[PDB]
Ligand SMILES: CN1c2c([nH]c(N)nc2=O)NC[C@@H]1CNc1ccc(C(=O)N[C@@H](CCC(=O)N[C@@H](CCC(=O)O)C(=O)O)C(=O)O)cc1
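Only one chain is included here, represented as structure tokens and corresponding to the form deposited without the named molecule.
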């Protein structure tokens, strides 16, 4: 019978040592995010410069266009530039007024904010950085904001070799395969007055709207602060070990799937439900990971519901809604406890390391992190 606590938690050779990024990596991602923010704000200032020239000495559309083709918005297709120029021209005094006072704001979400960003494992796997841009509007164009953020990202891509722009449904994305990193930029709309009033010092989820790229619906009520709050709360409530086991389950997914698998947020939600309803010992994360693995299939089978009550879709669908994908996820889920149990009862440290590395991959190599269990 073996103990795997050091295998999991050691910050040098242990799994945690292999997943957490160094302060340098962490700062390179902050620098990249700062770059994206600066360019977004700059492109908005250029566009607003044009619009301000429109409010002032009213100019012709063909002139507006000529000015637009000189700003970083020149990194859009000639048709998109046409769209931008148009929307800026067709603007009424009011919309233009509101627009000239709009300055985009930013707030990061996902792993990087939760502090659960794992070093990518298999080739193709990358670091996900979601940095949302919030537009303080009342209650302006959807297309105009989408085009301005798009123009910011494409303008940054036109400056760097190996960078790519991908237009996804809930965001515009910048990929950097060579650096194994990618940054999504979802756009939200928030109430202006409440934003200013709170600034002179939390908004209301009911008024935080996520813009959708295509479809009949161009906005949906979605606040990331809900999930962030929920996880932070669950972290204080459960303990410092929740983030660790969440990182471990995510690493497990990253090791069992080169691409795909259950979302990290479903694994997190389930893991928190388990740690909330089952007794465990934080001074032994191997035992805890065994409990978690043991209760995960039963959690994913019943279905995992988002900690956001406004979310109508679940993080993971229940059993009677499972297709090949969810059945595959249930296959691996049900295969993990057998691996931890097998590894626990190995015949040597090296074989225990071999068996336990069947779940998280060959990342931990030091077999001395595994030790005999005390009576």
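Between two forms, the rigid core is the largest collection of C-alphas that superpose within 1.5 Å. Only residues modelled in both forms are compared. Positions refer to the first chain, counted from 1.
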- [ ] Count, per the entry, the deposited residues between residue 178 and residue 179 that are not modelled, and return the matching class: none, 1 to 3, 4 to 9, or 10 or more.
- [x] none
Open item on the list: Please classify the coordinate gap between residue 259 and residue 260 in terms of deposited residues: none, 1 to 3, 4 to 9, or 10 or more.
Closed with: none
- [ ] Output the stretch having the higher mean C-alpha B factor in the entry; the candidates are 327 to 335 and 50 to 58.
- [x] 50 to 58
- [ ] Would you mind comparing 140 to 148 and 244 to 252 for me and telling me which has the higher average C-alpha temperature factor in the entry?
- [x] 140 to 148
- [ ] Can you pull the Cα B-factors for 266, 273, 118, 207 from the entry and say which is highest?
- [x] 207
Task: Largest Cα B-factor, entry values, listed residues 300, 188, 114, 163 - done: 114
Task: Chain-relative CA temperature factor third for residue 23 - done: middle
Open item on the list: What third of the chain does residue 168 rank in for C-alpha temperature factor, lowest, middle or highest?
Closed with: middle
- [ ] Using the B-factors in the PDB entry, rank residue 74's C-alpha atom against the chain and give the third, lowest, middle or highest.
- [x] middle
TODO: Going by the recorded CA B-factors, say which third of the chain residue 223 sits in, lowest, middle or highest.
DONE: middle
Task: Within-chain third of residue 36 by Cα B-factor, per the entry - done: lowest
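What follows is about the form solved in complex with the named molecule, which we do not show.
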Task: Selected contact from 298, 160, 232, 103, since only one has a non-hydrogen atom within 4.5 angstroms of the named molecule in the bound PDB entry - done: 103
Open item on the list: Under a 4.5 angstroms heavy atom criterion, identify the one residue in 332, 67, 349, 41 near the named molecule in the bound PDB entry.
Closed with: 41
Task: the named molecule contact at residue 204 in the bound PDB entry, heavy atom, 4.5 Å - done: yes
Task: 4.5 Å heavy atom contact, residue 150 to the named molecule in the bound PDB entry - done: no
Task: 4.5 angstroms heavy atom contact with the named molecule in the bound PDB entry for residue 34 - done: yes
- [ ] Give a yes/no on whether residue 107 approaches the named molecule to within 4.5 Å in the bound PDB entry, heavy atoms considered.
- [x] yes
Open item on the list: Only one of 285 to 293, 93 to 101, 219 to 227, 150 to 158 has heavy atoms within 4.5 Å of the named molecule in the bound PDB entry; I'd like to know which.
Closed with: 219 to 227
Open item on the list: Let me test this: is every residue among 134, 190 and 208 within 4.5 Å of the named molecule in the bound PDB entry, going by heavy atom positions?
Closed with: yes
TODO: Three or more consecutive residues, each Cα shifted by 2 Å or more between this form and the one not shown after core superposition: list those runs for me in sequence order.
DONE: 108 to 111, 202 to 205
